[PDB]
>>> print(open('run.pdb').read())   # PDB, C-alpha atoms
ATOM      1  CA  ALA A   1    -120.428 -21.158 -37.546
ATOM      2  CA  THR A   2    -118.951 -18.650 -39.972
ATOM      3  CA  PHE A   3    -119.566 -14.903 -39.608
ATOM      4  CA  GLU A   4    -118.168 -12.706 -42.362
ATOM      5  CA  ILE A   5    -117.777  -9.133 -41.136
ATOM      6  CA  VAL A   6    -117.538  -6.688 -44.030
ATOM      7  CA  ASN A   7    -116.750  -2.989 -43.806
ATOM      8  CA  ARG A   8    -118.276  -1.071 -46.720
ATOM      9  CA  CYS A   9    -118.049   2.285 -44.937
ATOM     10  CA  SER A  10    -115.821   5.058 -46.235
ATOM     11  CA  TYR A  11    -114.148   4.973 -42.798
ATOM     12  CA  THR A  12    -112.278   2.415 -40.706
ATOM     13  CA  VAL A  13    -114.117   0.416 -38.143
ATOM     14  CA  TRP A  14    -112.589  -1.712 -35.448
ATOM     15  CA  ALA A  15    -114.901  -4.699 -35.497
ATOM     16  CA  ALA A  16    -115.686  -6.367 -32.171
ATOM     17  CA  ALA A  17    -117.119  -9.781 -31.335
ATOM     18  CA  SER A  18    -117.852 -10.930 -27.803
ATOM     19  CA  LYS A  19    -120.279 -12.953 -25.722
ATOM     20  CA  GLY A  20    -119.821 -10.638 -22.756
ATOM     21  CA  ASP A  21    -117.338 -12.564 -20.632
ATOM     22  CA  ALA A  22    -115.073 -13.625 -23.478
ATOM     23  CA  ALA A  23    -113.976 -12.844 -27.006
ATOM     24  CA  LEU A  24    -115.538 -14.557 -29.966
ATOM     25  CA  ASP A  25    -112.643 -15.600 -32.203
ATOM     26  CA  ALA A  26    -109.932 -12.915 -31.887
ATOM     27  CA  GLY A  27    -112.453 -10.476 -30.338
ATOM     28  CA  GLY A  28    -111.518  -7.489 -32.470
ATOM     29  CA  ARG A  29    -109.791  -6.388 -35.658
ATOM     30  CA  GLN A  30    -109.173  -3.190 -37.584
ATOM     31  CA  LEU A  31    -111.132  -3.139 -40.851
ATOM     32  CA  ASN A  32    -110.220  -0.325 -43.178
ATOM     33  CA  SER A  33    -112.777   0.726 -45.781
ATOM     34  CA  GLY A  34    -113.441  -2.247 -48.044
ATOM     35  CA  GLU A  35    -111.896  -4.881 -45.766
ATOM     36  CA  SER A  36    -113.464  -8.068 -44.450
ATOM     37  CA  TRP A  37    -112.862 -10.351 -41.483
ATOM     38  CA  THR A  38    -114.210 -13.883 -41.347
ATOM     39  CA  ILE A  39    -114.545 -15.324 -37.869
ATOM     40  CA  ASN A  40    -115.550 -18.616 -36.363
ATOM     41  CA  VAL A  41    -118.242 -18.537 -33.693
ATOM     42  CA  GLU A  42    -118.663 -21.716 -31.687
ATOM     43  CA  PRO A  43    -121.940 -23.608 -31.916
ATOM     44  CA  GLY A  44    -124.210 -23.162 -28.951
ATOM     45  CA  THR A  45    -123.010 -19.583 -28.331
ATOM     46  CA  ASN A  46    -125.670 -17.586 -26.555
ATOM     47  CA  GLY A  47    -125.724 -13.829 -26.152
ATOM     48  CA  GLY A  48    -123.113 -13.181 -28.817
ATOM     49  CA  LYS A  49    -122.746  -9.652 -30.174
ATOM     50  CA  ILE A  50    -120.857  -8.084 -33.064
ATOM     51  CA  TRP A  51    -120.458  -4.321 -33.370
ATOM     52  CA  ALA A  52    -118.378  -1.571 -34.923
ATOM     53  CA  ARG A  53    -116.086   0.722 -32.997
ATOM     54  CA  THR A  54    -115.162   4.069 -34.495
ATOM     55  CA  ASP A  55    -112.180   6.380 -34.072
ATOM     56  CA  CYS A  56    -109.941   4.073 -32.098
ATOM     57  CA  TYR A  57    -106.486   4.927 -30.830
ATOM     58  CA  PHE A  58    -104.438   1.849 -30.018
ATOM     59  CA  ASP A  59    -100.794   1.549 -29.119
ATOM     60  CA  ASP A  60     -98.531  -1.300 -30.138
ATOM     61  CA  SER A  61     -99.797  -3.497 -27.283
ATOM     62  CA  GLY A  62    -103.417  -3.259 -28.460
ATOM     63  CA  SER A  63    -104.400  -0.926 -25.628
ATOM     64  CA  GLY A  64    -106.090   2.442 -25.979
ATOM     65  CA  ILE A  65    -109.554   3.819 -26.492
ATOM     66  CA  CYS A  66    -112.338   4.112 -29.055
ATOM     67  CA  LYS A  67    -114.788   6.983 -29.437
ATOM     68  CA  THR A  68    -117.709   4.532 -29.784
ATOM     69  CA  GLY A  69    -118.065   0.947 -28.634
ATOM     70  CA  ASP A  70    -114.919   0.790 -26.522
ATOM     71  CA  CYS A  71    -114.454  -2.565 -24.768
ATOM     72  CA  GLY A  72    -112.261  -1.926 -21.727
ATOM     73  CA  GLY A  73    -109.651  -0.138 -23.817
ATOM     74  CA  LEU A  74    -108.667  -3.238 -25.801
ATOM     75  CA  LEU A  75    -108.272  -3.949 -29.493
ATOM     76  CA  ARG A  76    -109.273  -7.562 -28.907
ATOM     77  CA  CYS A  77    -112.598  -7.336 -27.078
ATOM     78  CA  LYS A  78    -113.451  -9.668 -24.243
ATOM     79  CA  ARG A  79    -116.391  -7.636 -22.926
ATOM     80  CA  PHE A  80    -119.231  -5.643 -24.483
ATOM     81  CA  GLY A  81    -118.750  -2.111 -25.749
ATOM     82  CA  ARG A  82    -119.607   1.345 -24.472
ATOM     83  CA  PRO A  83    -122.729   2.892 -26.034
ATOM     84  CA  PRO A  84    -123.492   4.085 -28.610
ATOM     85  CA  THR A  85    -123.282   0.799 -30.503
ATOM     86  CA  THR A  86    -125.515  -0.653 -33.193
ATOM     87  CA  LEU A  87    -125.652  -4.334 -32.154
ATOM     88  CA  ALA A  88    -125.818  -7.554 -34.158
ATOM     89  CA  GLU A  89    -127.086 -10.079 -31.601
ATOM     90  CA  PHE A  90    -127.273 -13.856 -31.877
ATOM     91  CA  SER A  91    -127.727 -17.156 -30.102
ATOM     92  CA  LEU A  92    -126.907 -20.357 -31.966
ATOM     93  CA  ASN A  93    -128.160 -23.946 -31.760
ATOM     94  CA  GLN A  94    -131.009 -23.170 -29.404
ATOM     95  CA  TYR A  95    -133.486 -26.072 -29.603
ATOM     96  CA  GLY A  96    -132.438 -26.686 -33.192
ATOM     97  CA  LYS A  97    -132.573 -23.031 -34.287
ATOM     98  CA  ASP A  98    -130.471 -19.892 -34.460
ATOM     99  CA  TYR A  99    -131.856 -16.519 -33.371
ATOM    100  CA  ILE A 100    -130.630 -13.196 -34.728
ATOM    101  CA  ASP A 101    -131.575  -9.555 -34.285
ATOM    102  CA  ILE A 102    -130.303  -6.009 -34.467
ATOM    103  CA  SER A 103    -130.664  -3.767 -31.434
ATOM    104  CA  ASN A 104    -130.572  -0.010 -30.842
ATOM    105  CA  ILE A 105    -131.160  -0.471 -27.099
ATOM    106  CA  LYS A 106    -127.538   0.639 -26.539
ATOM    107  CA  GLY A 107    -127.724   3.323 -29.197
ATOM    108  CA  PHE A 108    -126.562   3.531 -32.786
ATOM    109  CA  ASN A 109    -123.140   4.321 -34.220
ATOM    110  CA  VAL A 110    -122.714   2.600 -37.612
ATOM    111  CA  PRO A 111    -125.342   1.348 -40.090
ATOM    112  CA  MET A 112    -125.551  -2.428 -40.188
ATOM    113  CA  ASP A 113    -126.990  -5.364 -42.108
ATOM    114  CA  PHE A 114    -127.063  -8.758 -40.368
ATOM    115  CA  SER A 115    -128.021 -11.540 -42.770
ATOM    116  CA  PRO A 116    -127.794 -15.311 -43.074
ATOM    117  CA  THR A 117    -125.763 -16.869 -45.893
ATOM    118  CA  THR A 118    -128.440 -19.575 -46.181
ATOM    119  CA  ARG A 119    -131.821 -19.098 -47.884
ATOM    120  CA  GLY A 120    -133.723 -20.542 -44.897
ATOM    121  CA  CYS A 121    -134.460 -17.168 -43.251
ATOM    122  CA  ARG A 122    -134.236 -13.440 -43.794
ATOM    123  CA  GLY A 123    -131.763 -10.841 -42.617
ATOM    124  CA  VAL A 124    -132.353  -7.595 -40.772
ATOM    125  CA  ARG A 125    -130.959  -4.110 -41.302
ATOM    126  CA  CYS A 126    -130.714  -0.765 -39.550
ATOM    127  CA  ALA A 127    -129.089   1.635 -41.974
ATOM    128  CA  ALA A 128    -131.148   4.826 -41.769
ATOM    129  CA  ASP A 129    -129.163   7.986 -41.022
ATOM    130  CA  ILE A 130    -129.770   7.888 -37.293
ATOM    131  CA  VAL A 131    -126.663   9.909 -36.443
ATOM    132  CA  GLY A 132    -127.585  12.751 -38.821
ATOM    133  CA  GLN A 133    -131.102  12.848 -37.351
ATOM    134  CA  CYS A 134    -130.120  12.224 -33.726
ATOM    135  CA  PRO A 135    -131.924  14.523 -31.259
ATOM    136  CA  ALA A 136    -129.483  16.954 -29.616
ATOM    137  CA  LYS A 137    -129.926  15.421 -26.167
ATOM    138  CA  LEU A 138    -128.968  11.949 -27.457
ATOM    139  CA  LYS A 139    -125.925  13.007 -29.490
ATOM    140  CA  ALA A 140    -122.812  11.308 -28.160
ATOM    141  CA  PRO A 141    -119.688  13.483 -27.864
ATOM    142  CA  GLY A 142    -117.472  11.093 -29.816
ATOM    143  CA  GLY A 143    -120.008  10.392 -32.549
ATOM    144  CA  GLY A 144    -123.125   8.264 -32.671
ATOM    145  CA  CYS A 145    -126.553   8.514 -31.082
ATOM    146  CA  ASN A 146    -127.037   7.353 -27.493
ATOM    147  CA  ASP A 147    -130.036   5.465 -26.261
ATOM    148  CA  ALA A 148    -132.090   7.368 -23.705
ATOM    149  CA  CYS A 149    -131.261   4.964 -20.870
ATOM    150  CA  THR A 150    -127.562   5.777 -21.242
ATOM    151  CA  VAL A 151    -128.281   9.508 -21.239
ATOM    152  CA  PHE A 152    -130.968   9.878 -18.580
ATOM    153  CA  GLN A 153    -130.594   6.783 -16.383
ATOM    154  CA  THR A 154    -134.231   6.663 -15.291
ATOM    155  CA  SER A 155    -136.529   3.631 -15.153
ATOM    156  CA  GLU A 156    -138.748   5.222 -17.814
ATOM    157  CA  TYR A 157    -135.940   4.557 -20.291
ATOM    158  CA  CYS A 158    -133.896   1.773 -18.701
ATOM    159  CA  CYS A 159    -136.743  -0.654 -17.927
ATOM    160  CA  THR A 160    -134.946  -1.576 -14.718
ATOM    161  CA  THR A 161    -138.300  -2.332 -13.094
ATOM    162  CA  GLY A 162    -139.041  -4.875 -15.807
ATOM    163  CA  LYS A 163    -141.905  -2.504 -16.530
ATOM    164  CA  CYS A 164    -141.581   0.046 -19.335
ATOM    165  CA  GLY A 165    -143.206   1.171 -22.578
ATOM    166  CA  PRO A 166    -142.157   3.114 -25.664
ATOM    167  CA  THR A 167    -141.002   6.697 -25.253
ATOM    168  CA  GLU A 168    -140.391   9.616 -27.589
ATOM    169  CA  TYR A 169    -136.740   8.554 -27.705
ATOM    170  CA  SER A 170    -137.357   4.843 -28.336
ATOM    171  CA  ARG A 171    -139.798   5.872 -31.077
ATOM    172  CA  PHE A 172    -137.060   7.985 -32.670
ATOM    173  CA  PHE A 173    -134.986   4.828 -33.212
ATOM    174  CA  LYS A 174    -137.938   2.557 -33.950
ATOM    175  CA  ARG A 175    -139.442   4.656 -36.705
ATOM    176  CA  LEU A 176    -136.058   4.924 -38.421
ATOM    177  CA  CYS A 177    -135.309   1.205 -37.968
ATOM    178  CA  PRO A 178    -138.482  -0.799 -37.437
ATOM    179  CA  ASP A 179    -136.599  -4.074 -37.663
ATOM    180  CA  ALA A 180    -134.350  -3.308 -34.681
ATOM    181  CA  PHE A 181    -135.132  -3.378 -30.955
ATOM    182  CA  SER A 182    -135.645   0.166 -29.684
ATOM    183  CA  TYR A 183    -136.175  -0.543 -25.973
ATOM    184  CA  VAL A 184    -136.048  -3.634 -23.767
ATOM    185  CA  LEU A 185    -139.731  -4.577 -24.043
ATOM    186  CA  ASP A 186    -140.117  -3.744 -27.732
ATOM    187  CA  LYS A 187    -142.225  -6.160 -29.783
ATOM    188  CA  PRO A 188    -139.574  -8.683 -30.800
ATOM    189  CA  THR A 189    -137.959  -8.486 -34.222
ATOM    190  CA  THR A 190    -135.839 -11.579 -33.672
ATOM    191  CA  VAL A 191    -135.478 -13.799 -36.743
ATOM    192  CA  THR A 192    -135.538 -17.607 -36.492
ATOM    193  CA  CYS A 193    -132.958 -19.232 -38.721
ATOM    194  CA  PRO A 194    -132.112 -22.892 -39.262
ATOM    195  CA  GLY A 195    -129.702 -24.116 -36.589
ATOM    196  CA  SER A 196    -126.026 -23.987 -37.532
ATOM    197  CA  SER A 197    -126.458 -21.279 -40.167
ATOM    198  CA  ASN A 198    -123.697 -18.939 -41.316
ATOM    199  CA  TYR A 199    -123.948 -15.151 -41.420
ATOM    200  CA  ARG A 200    -122.656 -11.860 -42.781
ATOM    201  CA  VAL A 201    -122.507  -8.590 -40.852
ATOM    202  CA  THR A 202    -122.081  -5.637 -43.199
ATOM    203  CA  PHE A 203    -121.205  -2.122 -42.029
ATOM    204  CA  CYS A 204    -122.614   0.636 -44.257
ATOM    205  CA  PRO A 205    -124.657  -1.795 -46.387
ATOM    206  CA  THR A 206    -126.187  -0.706 -49.662
ATOM    207  CA  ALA A 207    -127.340  -3.980 -51.303
TER     208      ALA A 207
END
>>> encode(input="run.pdb", output="structure tokens")
Amino acid sequence: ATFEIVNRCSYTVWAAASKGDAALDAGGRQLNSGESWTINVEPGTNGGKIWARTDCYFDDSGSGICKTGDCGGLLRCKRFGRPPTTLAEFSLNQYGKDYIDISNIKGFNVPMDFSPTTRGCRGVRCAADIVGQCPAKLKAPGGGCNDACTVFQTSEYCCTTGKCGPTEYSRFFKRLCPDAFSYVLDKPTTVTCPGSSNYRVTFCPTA
């Protein structure tokens, strides 16, 4: 499958693509404002994620650190990123279908649209100004808005019992972005697309 990753932000993002134990395609790439990166994601991929990283410092070897979404200090991500990270999440070719969503469960850093290229399903978007509205206690020191589980590390927020409901902090994200997951047991906002669809992930969407 094809995923076009497009940076329409006024700032650079270091795009990342991983399925948690491995890179998808090259795993990461610097996208200056206006740049795009088209990757191939293998059919059958489950638990794939694409996200933006902001304010990265990499040396010539591709090692360093990002202020949001850092993946083990690498330019080319193999693992998932440090919160806060707006997440484009997908599993492909699952019983004939693809499944896509956006999640704020690990916080929000960059506004995102995640849409199919085909007409056979809809896209989803979380592009409200969550960082500008972020409650003080959730503000992340390098930018972005942490989820409450990251900040407080209690079962109320982390759902580590498999038993949790909405909170004032999940509702902060959910009201701003109803189409994104705001906590683990949120009413699902996963979209069913035709199997073997192609997609576009847009940072700072306007269309």
>>> closest_residue(input="run.pdb", among="A:189, A:18, A:32, A:196", to="residue 97 of chain A", atoms="only C-alpha atoms")
A:196
>>> atom_distance(input="run.pdb", atom1="atom CA of residue 175 of chain A", atom2="atom CA of residue 71 of chain A")
28.6 Å
>>> closest_residue(input="run.pdb", among="A:84, A:20, A:194, A:142", to="residue 122 of chain A", atoms="all atoms listed in the file")
A:194
>>> residues_near_point(input="run.pdb", point="(-140.2, 7.4, -30.7)", cutoff="12 Å", atoms="all atoms listed in the file", output="PyMOL selection string")
chain A and resi 134-135+147-148+157+165-178+181-183+186
>>> closest_residue(input="run.pdb", among="A:2, A:154, A:61, A:54", to="residue 37 of chain A", atoms="only C-alpha atoms")
A:2
>>> atom_distance(input="run.pdb", atom1="atom CA of residue 113 of chain A", atom2="atom CA of residue 4 of chain A")
11.5 Å
>>> closest_residue(input="run.pdb", among="A:59, A:75, A:68, A:115", to="residue 31 of chain A", atoms="only C-alpha atoms")
A:75
>>> closest_residue(input="run.pdb", among="A:110, A:23, A:207, A:5", to="residue 53 of chain A", atoms="all atoms listed in the file")
A:110
>>> resolve_selection(input="run.pdb", expression="the PyMOL selection byres ((chain A and resi 199-205) around 8)", output="list in words")
residues 1, 2, 3, 4, 5, 6, 7, 8, 9, 50, 52, 88, 110, 111, 112, 113, 114, 115, 116, 117, 118, 127, 197, 198, 206 and 207 of chain A
>>> closest_residue(input="run.pdb", among="A:162, A:192, A:73, A:139", to="residue 121 of chain A", atoms="all atoms listed in the file")
A:192
>>> residues_near_point(input="run.pdb", point="(-124.8, -24.7, -32.7)", cutoff="7 Å", atoms="all atoms listed in the file", output="list in words")
residues 42, 43, 44, 45, 92, 93, 195 and 196 of chain A
>>> atom_distance(input="run.pdb", atom1="atom CA of residue 63 of chain A", atom2="atom CA of residue 76 of chain A")
8.9 Å
>>> axis_aligned_box(input="run.pdb", around="segment 22-35 of chain A", padding_each_side="5 Å", output="AutoDock Vina command-line options")
--center_x -112.4 --center_y -7.4 --center_z -35.8 --size_x 16.4 --size_y 26.3 --size_z 34.6
>>> resolve_selection(input="run.pdb", expression="the PyMOL selection byres ((chain A and resi 190) around 8)", output="list in words")
residues 99, 100, 101, 102, 188, 189, 191 and 192 of chain A
>>> resolve_selection(input="run.pdb", expression="the PyMOL selection byres ((chain A and resi 66) around 7)", output="list in words")
residues 53, 54, 55, 56, 57, 65, 67, 68, 69 and 70 of chain A
